Amino acid sequence: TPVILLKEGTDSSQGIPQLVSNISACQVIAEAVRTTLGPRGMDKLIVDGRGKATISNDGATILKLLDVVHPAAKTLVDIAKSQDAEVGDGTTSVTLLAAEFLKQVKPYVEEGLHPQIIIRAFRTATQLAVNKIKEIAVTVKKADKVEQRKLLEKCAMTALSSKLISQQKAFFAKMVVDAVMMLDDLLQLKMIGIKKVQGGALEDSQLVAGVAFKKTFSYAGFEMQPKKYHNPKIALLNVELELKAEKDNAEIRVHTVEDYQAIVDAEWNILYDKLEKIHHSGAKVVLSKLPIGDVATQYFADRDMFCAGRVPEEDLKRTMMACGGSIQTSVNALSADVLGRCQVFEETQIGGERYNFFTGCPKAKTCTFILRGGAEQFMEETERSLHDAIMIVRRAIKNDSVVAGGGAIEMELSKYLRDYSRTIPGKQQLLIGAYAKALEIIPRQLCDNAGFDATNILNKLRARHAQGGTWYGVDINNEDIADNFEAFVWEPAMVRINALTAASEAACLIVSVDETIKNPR
Amino acid sequence: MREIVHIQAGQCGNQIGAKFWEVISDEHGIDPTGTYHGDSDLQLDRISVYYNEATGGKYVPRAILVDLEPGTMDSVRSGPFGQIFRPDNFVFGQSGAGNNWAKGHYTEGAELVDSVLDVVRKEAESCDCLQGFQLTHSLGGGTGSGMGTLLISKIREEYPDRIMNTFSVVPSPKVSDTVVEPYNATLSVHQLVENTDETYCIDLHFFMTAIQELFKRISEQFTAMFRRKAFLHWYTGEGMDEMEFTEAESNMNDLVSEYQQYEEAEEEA
Amino acid sequence: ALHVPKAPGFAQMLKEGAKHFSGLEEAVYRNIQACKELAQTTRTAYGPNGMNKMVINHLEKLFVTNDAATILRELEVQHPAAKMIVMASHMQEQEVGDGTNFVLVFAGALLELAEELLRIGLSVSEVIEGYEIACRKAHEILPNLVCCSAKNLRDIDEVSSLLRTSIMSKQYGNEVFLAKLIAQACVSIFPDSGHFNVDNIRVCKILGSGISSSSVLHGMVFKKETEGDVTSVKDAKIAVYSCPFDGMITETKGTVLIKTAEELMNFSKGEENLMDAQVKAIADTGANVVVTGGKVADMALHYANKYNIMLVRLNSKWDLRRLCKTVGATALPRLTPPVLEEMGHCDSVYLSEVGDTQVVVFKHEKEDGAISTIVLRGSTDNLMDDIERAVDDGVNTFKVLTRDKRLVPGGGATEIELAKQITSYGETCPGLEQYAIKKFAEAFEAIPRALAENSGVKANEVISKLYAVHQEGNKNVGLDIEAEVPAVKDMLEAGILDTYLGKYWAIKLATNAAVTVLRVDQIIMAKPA
Amino acid sequence: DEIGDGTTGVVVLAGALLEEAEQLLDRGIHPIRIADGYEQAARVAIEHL
Ligand SMILES: Nc1ncnc2c1ncn2[C@@H]1O[C@H](COP(=O)(O)OP(=O)(O)O)[C@@H](O)[C@H]1O
Ligand SMILES: Nc1ncnc2c1ncn2[C@@H]1O[C@H](COP(=O)(O)OP(=O)(O)O)[C@@H](O)[C@H]1O
Ligand SMILES: [Mg+2]
Ligand SMILES: [Mg+2]
C-alpha cells in the first residue's frame, strides 16, 4: 500500500464484464453505417473541426472521418481499410457481418462458455463457407471479346447502382470498361486522368483518348500564337529556357571593357542556341516542367509555335504513354524518334477555364476523365463512386468468376451450414448454427432500407432455397423475390471471399482478449 | 558527410537544447518513438549529419547531456521527445558547484570530466568523419561556466585541428541575477578567446553596436569589486591566486581596445 | 490533542519526500507482496489456452500480444523489488529467446513459499542456503531426463516438427501452417559451417487478404518504386554504389573562374559530355541494374534511360549492405566502373504491386542465398505484429538447436519429475535446511497448475494423477489439452518437447532473482521526480 | 461561370422544388422515390424546350 506497483491512473478491467462490454461497443460502429446499404441507401454528412463537410455513402470514408478512440472498436475501422485496399468494394458489408458474428455469440459468453471453443467454431465455418463459393462460382468457356465486354458492363453497373449516380449508371458503365482496356498489363491507377471542372450537367462528362491538363501561368505574348494544330510534333523537355546564371556557383573576373561586352552577348547566344535547335527539329508544341521565360514565349510567337511551362510531373508522364516521346534534359539530341505526334491539338474553354487537349492517338495507352458537376462535393462523390467501378473491373480481368447478389449468396451459404450443423454433435451445433443465423443480416438490411416487411420476405427466401433456385435474391421494384442471375445483378467471387476472411479474423481477435490496461497520458 | 555532434551542459543549456532538438525532429519527420514516417526525399539526404541510425530503423541523436545535479536530467527524460536520447549519454553528478566557477573547474570538475571524454569517444567512433563540435553553456552560473570552461578546454586539446562553435548566453544588461556574476564572466571570456572558432550571444569572432557595450559594463563592475577585494576568499582558498584575476582584467581590456569606436595647464606646450 | 514528535537520530536528518523502510515486517514482507502481484498479471497468458492482453502505452499505441516479455516492456513499474523480476526475464530473451514467462512464474512461487518459512522460525540465511543447495541438485538431474535429440537440421520433414511446439504455444490453431513457413526459410540460409544468424531472416508486412496467403521468397523486397523507366530485367548484373549518382565535387569551397567569353560557352557542354562517358563506361560492362544510396541527378537520369539501365535508390545504409550479401556484390565508394568481382548476379528484378503497394523484388531461383525474407499478409495491423513475434520465437528455437540438440519432455512432465527427485533428496538431509529444499520442490507444481487453470479443468486432480503415473516410472506423461475431463497423455509419442538449454537457463536466472530480494534488509528511497 | 445569366433564378426554383416535396414526405413517401420521379420530369421538360 505505501509503495504501489503501477502509476497512479492505470485503469484496468477484466473478466466476463470486460468482454461483454466490448461486444456492445461494436454495435455502435455498425449502426453508424447501417443505412448506406443497397440501391435505396442514404449518405451521411460529417463535419471536421474547421468546417469542411464531407458528404458520402461509402463505409470506408465514413469510418475514417470519425475520431473513434475505443480500442475494441478500432478493429472494425482497420478491417474496412483492408477491404478497400484489396478489392475496393464491399466495405460496408464487412462491418455489419463483423458485428453480427459478435451479437449472435453474446449470450453464450454470459453462460460461461470457454471462448476458445468459439474460436475453433468460427474458423471451421469460414473454411466451409469459402470453399462453397468456389464450388458454385459460374465461369464461361472461351471468353471472346464480345462476351468479355458484356460481363464487365454488368459488374460495373451493379457497383454503381447504390451510389449518387444511380440514374446514369448505364452511361458511366460504358466509359469505365473502355478506360481499362487501354491499359496493358500492370493496370496502374496513375494512368487515369480524373479531372474536376465546376459547372455543367452530369450528362456532360466526357472521356478523351489522350491527355488534358489545365492552362498554366503564361507571360506576355501568349495570346499572339496559334491555338489549333493539325499534325504537331510534341517536344517533351526538362529545361529552363530563361535568361539566368549558368551556375549558382560561378564568378566572372573581366579586366577590359571589350571583354565586358562579349560576356553580355554570350548569355544571349547560349539561350538563342537552345531555341534554334528546337525550331530546326520541326517541333510545334513544347512542354517543360521548369519555367519558360518571356523571351522564349515571344521567340515561339514569331514562328507559330506553342509553348508551355510549369507542367506537373503527373501530366508529362501521362503524355509520354499517349504520344510516344521521351523526357529530354538536353537539347543536344532531338531526333525523330524522341518526338510525339497526335491528330488534333487545341485549347478550348470549359466552365470558365482553359484546357489543352491532345486527342487522336491510335497507340494511346492512357485516358482522362473530365467530370462536370455543380458543387465541390458533387465532384468528390462522383470521383469516389468512379473509383469503385475501376477496381471492380481491374479485379474482374484476373478472375473471370462471378456470383449473383442481393442476398442470393448470403442465403445459399446459411442453408449449407445449417445442414452441416445437424450432423456433428456437442456444443458445435449451437455455434455453427449461430453462424448460419448471422449471414441473413444482408437481406434484412435491404428490406429495411427500402421500407419492406423484412420478416415475410425472408420466410419466402428460406423456403425457395430448401426445396432444390440457387441465385434467388430480392427485388426492390417488384416488392418480391426473383432470380438475380437472370436479372443481371452480378459481382465477382473475390468480393465475398475476402469479406468473410476479414470479418472472421476481426471477430476471433476481439473474443480472445481477456483484460485491457490503459496507461496515463 | 562531415557529421557533427552536440554537447549540452548546465541547467540553462539543457532547457534550450531540449527545445533545439524539437525543430529538427519535426522538420525531418522523426516520430517521438524514434521511427520515421516522413514523405519527402529532401528529409533523407542529410539525415546522417545529425542522427545516427540503429538496426530496424531507429534514429538516435548525437547529443551528450552533462550536469552536476541529477535533478535536471529527469525533466528532459519525461518531457516530450525525451525517449529518443541514448540512455548511456546521461552524465550527472551528486554535489553541484553552486554558482562557483572554480569549484566546477579544478576541485570537483576534475572527476566528472573524465566521465565525459570517454562518452564523446564512443559517439565519435561510430561516425564516418566529423568536422566539429557544438557546445551550449552559460556565463553567469558557476555550475555551467566552470564545468563548461574545463570541458571546452579538454575538447580542443585532443582535437587541435577541429572547429568548435558555442551558443553561450550572456548576463542581463542592467539587472544582475547573481552577486558574483562579474567574477564568473571575466574568467570565462578569456578562455574562449583562443579556444573557440565562432561564438554566439543570446539575450574578433563574436556575433549576436559592435558588442563593445557588453564588455564595457562587465569590467566596470569587476574593477569596483576587485578594488575592495570583496568575496575573493571563496576563489583563492580552493586553489587560485591574486595574479590569476589580474590576467583576466588585463586581457579583457585588450579586447575592448581591438573594438575601437572609430588639465588647466595649457600655456606653452 | 497532542502530537507524537520525531524520534531523534536518522529520522530527524532525512530530506523531505524521502522514505525509509527497515526491518523484517516493513521491507521483506512488503517486497514479497509486490512480486506476488506481478505473477498474477502474466499468468493468464500461459500455455496453448492463454489469452491476449490489450496494452496501451503513453503514446496511445495499442499492443495485442501474448509474449510475457512484451507485456512487461510496455508496462511501467514503480516498485524497486518488482523491477528485478523484470530484468531477470529480459536476460533470458537475449540468451535463449523463449521462456520469459517461466521466470515470472518460478520467481513468483519461490518468493511466496519463502514467506511461510519465515514465520515458522527459519532465518533468512537458512532459506537462501537451502535454495542454492536445491538449485545445484536440479542441474545434475536435468541432463538425465533428456530424450529424443535432433537428428538432421537440413531435412524439411524433421525440422518442421521441432518448431511446432514454440509456435503452438502462441498461435493455437494456425500452428501447422505457420511451422511450414519458418522451416522453409531457416534451412535455405543455413550455411555449411553451421553458423546460424538471426538477422538473415527478414519479415515484411503487407496489408492484404489473410494469414493463409503468406509466402516465403528467396531474396529481398522493398516498399519503393523505380526511379527510371525500365521496370523488368531477366538476367541482371547489379552494380551497387555507395556514392550518390552525380558529378564529383570537392569538399573544400571551390568555385569556377570564367575570364573570357569563349570559356563561358564551352562550360555547360563540357559537364554534359563528361557525364556521357562515365555512364557509358558502366553500360559497356553489362551492368543492367545500378543501385545507389545517395541523391540521383537530373542529367545522370537522362543517360540511364538512354542505355536501357535500371536505377534503384535505397537511402537506408544497412538495407544497402544486406543487398550486397544477397547478390554477391561490393559497395563502391567511388563512381568508377566495377571490374570483375563487384558485379552481383540476380535471377529476376522487377517492380510489382502486392495489395496496393508497389514493391521491387530481387527474386532468386537458387535456394542457396544469404538473406531470405518472409512476406506476411493479414487483415489488421495488430494481427500481423502478433504473428511477427511468433515467427521470431520459431527462428530463435532453430538457433538453440544448432548449439545444443538435446530435448526434454514438455507439458509439465519435467517439473513434476523434478519435484519427485528433489523431494526425496531433502528427506535424507537432517537439519534446518530440509524444510527449504522441500519448498523448492513444491514450487515446480505452479507450472502444471497454470496450465490446468487456463484450460478450464480442476487443477488439484491433475497433479494428483500426474504423481501416481510418474511413481510407476512413466517420466514422459504430461497434461492432456483436447480432453474435456482432466486426463493425462504421453508426450514423447504426441511430440511436445522443449529445449534443454531453454530450461537450464530458466532455472538459473529465476533462482538468482529470488535470492537477491531476500538479502535486502533496508530500503532508502529518494524523492520521486 | 458556365453561362452568366440566371444565377438568381436557379436558387428560387431549387428552393421551391424542395418545399413541394415537404407534403409528399409527410404522407409516407420514400425520399429516393421523390428524387427518382423528379429526374423523369426534367427529361420531359428539356425535350419539350
Ligand atoms: N439490382 C439490385 N437489386 C437488389 N440488390 C442489389 C442490386 N444491386 C446491388 N444490390 C445489393 O446492394 C449491395 C451494395 O452495397 P454497397 O452500398 O455497394 O456496399 P459497399 O459500398 O460496401 O460495396 C450489395 O450487397 C448487393 O447485394
Ligand atoms: N500442446 C501443448 N500441450 C501442453 N503443454 C504445452 C503445449 N504447447 C506448449 N506447452 C507448454 O506451454 C509452456 C509455456 O509456453 P509459453 O507460455 O508460450 O512460453 P514460456 O515458455 O515463455 O512460458 C511451455 O513450457 C510448454 O511446455
Ligand atoms: Mg459497393
Ligand atoms: Mg515458448
# chains A, B, ... in the order shown; residues from 1 in each chain; ligands from 1
$ residues_near_ligand --ligand "ligand 2" --cutoff "9 Å" --atoms "only C-alpha atoms and all ligand atoms" --output "ChimeraX atom specification"
/C:43,45-50,66-69,97-105,164-172,409-414,447-448,451,478-482,491,494-498,502-503
$ residues_near_ligand --ligand "ligand 1" --cutoff "8 Å" --atoms "only C-alpha atoms and all ligand atoms" --output "ChimeraX atom specification"
/A:36-39,41,57-60,88-94,158-163,405-408,442-443,446,473-476,484,487-490
$ write_last_selection --atoms "C-alpha atoms" --output "PDB file, in the first residue's frame"
ATOM      1  CA  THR A  36     -25.979   3.132 -46.540  1.00  0.00           C
ATOM      2  CA  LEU A  37     -26.552  -0.353 -47.978  1.00  0.00           C
ATOM      3  CA  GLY A  38     -28.455  -1.168 -51.146  1.00  0.00           C
ATOM      4  CA  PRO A  39     -29.924   0.808 -54.039  1.00  0.00           C
ATOM      5  CA  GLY A  41     -29.260   3.766 -49.178  1.00  0.00           C
ATOM      6  CA  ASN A  57     -22.282   6.853 -48.777  1.00  0.00           C
ATOM      7  CA  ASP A  58     -19.223   4.563 -48.503  1.00  0.00           C
ATOM      8  CA  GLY A  59     -18.186   2.802 -45.338  1.00  0.00           C
ATOM      9  CA  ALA A  60     -14.525   3.263 -45.752  1.00  0.00           C
ATOM     10  CA  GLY A  88     -12.306  -1.829 -53.260  1.00  0.00           C
ATOM     11  CA  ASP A  89     -15.959  -2.849 -52.885  1.00  0.00           C
ATOM     12  CA  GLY A  90     -17.971  -4.467 -50.128  1.00  0.00           C
ATOM     13  CA  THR A  91     -16.629  -2.176 -47.404  1.00  0.00           C
ATOM     14  CA  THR A  92     -19.922  -1.715 -45.535  1.00  0.00           C
ATOM     15  CA  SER A  93     -20.808  -5.403 -45.905  1.00  0.00           C
ATOM     16  CA  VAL A  94     -17.887  -6.490 -43.706  1.00  0.00           C
ATOM     17  CA  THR A 158     -24.044  -3.199 -60.117  1.00  0.00           C
ATOM     18  CA  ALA A 159     -21.314  -1.441 -58.131  1.00  0.00           C
ATOM     19  CA  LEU A 160     -22.805   1.877 -59.280  1.00  0.00           C
ATOM     20  CA  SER A 161     -26.476   1.194 -58.506  1.00  0.00           C
ATOM     21  CA  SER A 162     -26.195   2.144 -54.812  1.00  0.00           C
ATOM     22  CA  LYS A 163     -24.306   5.416 -55.326  1.00  0.00           C
ATOM     23  CA  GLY A 405     -26.126 -10.746 -55.481  1.00  0.00           C
ATOM     24  CA  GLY A 406     -28.840  -9.023 -53.491  1.00  0.00           C
ATOM     25  CA  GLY A 407     -28.641 -11.588 -50.698  1.00  0.00           C
ATOM     26  CA  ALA A 408     -28.669 -14.523 -53.123  1.00  0.00           C
ATOM     27  CA  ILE A 442     -27.542  -8.605 -45.555  1.00  0.00           C
ATOM     28  CA  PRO A 443     -31.029  -9.442 -46.946  1.00  0.00           C
ATOM     29  CA  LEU A 446     -32.040  -4.446 -47.940  1.00  0.00           C
ATOM     30  CA  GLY A 473     -32.277 -12.861 -54.294  1.00  0.00           C
ATOM     31  CA  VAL A 474     -34.595  -9.966 -53.536  1.00  0.00           C
ATOM     32  CA  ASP A 475     -36.268  -7.316 -55.689  1.00  0.00           C
ATOM     33  CA  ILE A 476     -36.916  -3.721 -54.659  1.00  0.00           C
ATOM     34  CA  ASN A 484     -30.922 -12.264 -59.595  1.00  0.00           C
ATOM     35  CA  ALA A 487     -31.846 -10.094 -63.585  1.00  0.00           C
ATOM     36  CA  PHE A 488     -28.186  -9.300 -64.382  1.00  0.00           C
ATOM     37  CA  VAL A 489     -27.100  -8.495 -60.829  1.00  0.00           C
ATOM     38  CA  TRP A 490     -23.535  -9.804 -60.867  1.00  0.00           C
TER      39      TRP A 490
END
$ atom_distance --atom1 "atom CA of residue 396 of chain A" --atom2 "atom CA of residue 212 of chain C"
21.9 Å
$ interface_residues --of "chain C" --to "chain B" --cutoff "8 Å" --atoms "only C-alpha atoms" --output "MDAnalysis selection string"
chainID C and resid 294:295 315 318 529
$ write_last_selection --atoms "C-alpha atoms" --output "mmCIF file, in the first residue's frame"
data_model
loop_
_atom_site.group_PDB
_atom_site.id
_atom_site.type_symbol
_atom_site.label_atom_id
_atom_site.label_comp_id
_atom_site.auth_asym_id
_atom_site.auth_seq_id
_atom_site.Cartn_x
_atom_site.Cartn_y
_atom_site.Cartn_z
ATOM 1 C CA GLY C 294 22.537 8.792 -52.408
ATOM 2 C CA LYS C 295 20.923 11.519 -54.483
ATOM 3 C CA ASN C 315 18.525 5.533 -48.569
ATOM 4 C CA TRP C 318 22.170 -1.018 -43.563
ATOM 5 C CA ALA C 529 10.725 13.450 -9.658
#
$ select_by_dssp --residues "segment 224-349 of chain A" --states "strand (DSSP E or B)" --output "list in words"
residues 228, 229, 234, 235, 236, 237, 241, 252, 285, 286, 287, 288, 292, 306, 307, 328, 345, 346, 347, 348 and 349 of chain A
$ interface_residues --of "chain A" --to "chain D" --cutoff "12 Å" --atoms "only C-alpha atoms" --output "PyMOL selection string"
chain A and resi 38-43+162-168+197-203+349-353+372-374+448-452+476-477
$ write_last_selection --atoms "C-alpha atoms" --output "PDB file, in the first residue's frame"
ATOM      1  CA  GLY A  38     -28.455  -1.168 -51.146  1.00  0.00           C
ATOM      2  CA  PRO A  39     -29.924   0.808 -54.039  1.00  0.00           C
ATOM      3  CA  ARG A  40     -32.058   2.772 -51.545  1.00  0.00           C
ATOM      4  CA  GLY A  41     -29.260   3.766 -49.178  1.00  0.00           C
ATOM      5  CA  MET A  42     -28.763   7.268 -47.813  1.00  0.00           C
ATOM      6  CA  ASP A  43     -25.417   9.008 -47.394  1.00  0.00           C
ATOM      7  CA  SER A 162     -26.195   2.144 -54.812  1.00  0.00           C
ATOM      8  CA  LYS A 163     -24.306   5.416 -55.326  1.00  0.00           C
ATOM      9  CA  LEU A 164     -25.123   9.059 -56.062  1.00  0.00           C
ATOM     10  CA  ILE A 165     -25.016   8.470 -59.825  1.00  0.00           C
ATOM     11  CA  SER A 166     -27.736   5.833 -59.993  1.00  0.00           C
ATOM     12  CA  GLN A 167     -29.895   7.189 -62.822  1.00  0.00           C
ATOM     13  CA  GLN A 168     -26.922   7.451 -65.214  1.00  0.00           C
ATOM     14  CA  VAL A 197     -14.465  21.136 -63.645  1.00  0.00           C
ATOM     15  CA  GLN A 198     -17.203  23.161 -61.960  1.00  0.00           C
ATOM     16  CA  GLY A 199     -20.438  23.871 -63.802  1.00  0.00           C
ATOM     17  CA  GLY A 200     -22.459  21.892 -66.282  1.00  0.00           C
ATOM     18  CA  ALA A 201     -24.664  18.828 -66.035  1.00  0.00           C
ATOM     19  CA  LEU A 202     -23.938  15.248 -65.003  1.00  0.00           C
ATOM     20  CA  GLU A 203     -24.551  14.042 -68.568  1.00  0.00           C
ATOM     21  CA  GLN A 349     -12.959  26.799 -72.806  1.00  0.00           C
ATOM     22  CA  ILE A 350     -14.935  24.627 -70.381  1.00  0.00           C
ATOM     23  CA  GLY A 351     -16.603  26.231 -67.376  1.00  0.00           C
ATOM     24  CA  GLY A 352     -14.606  29.453 -67.443  1.00  0.00           C
ATOM     25  CA  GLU A 353     -11.296  27.567 -67.649  1.00  0.00           C
ATOM     26  CA  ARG A 372     -18.875  18.066 -64.799  1.00  0.00           C
ATOM     27  CA  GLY A 373     -20.931  18.774 -61.693  1.00  0.00           C
ATOM     28  CA  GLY A 374     -22.409  21.675 -59.761  1.00  0.00           C
ATOM     29  CA  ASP A 448     -35.266  -2.287 -44.002  1.00  0.00           C
ATOM     30  CA  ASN A 449     -33.679   0.485 -46.074  1.00  0.00           C
ATOM     31  CA  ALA A 450     -36.422   0.337 -48.721  1.00  0.00           C
ATOM     32  CA  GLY A 451     -39.226   0.036 -46.173  1.00  0.00           C
ATOM     33  CA  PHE A 452     -40.431  -3.519 -46.749  1.00  0.00           C
ATOM     34  CA  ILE A 476     -36.916  -3.721 -54.659  1.00  0.00           C
ATOM     35  CA  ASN A 477     -39.067  -2.624 -57.603  1.00  0.00           C
TER      36      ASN A 477
END
$ interface_residues --of "chain A" --to "chain C" --cutoff "8 Å" --atoms "only C-alpha atoms" --output "ChimeraX atom specification"
/A:3-7,71,75,78-79,82,85-86,114,116,120,186,246,249-254,259,262-263,266,270,327-329,498,501-502,505-506,512-521
$ select_by_dssp --residues "segment 52-269 of chain C" --states "alpha helix (DSSP H)" --output "number ranges by chain"
C: 68-74, 80-95, 100-119, 124-141, 164-168, 175-186, 261-269
$ closest_residue --among "B:165, B:225, B:16, B:80" --to "chain A" --atoms "only C-alpha atoms"
B:80
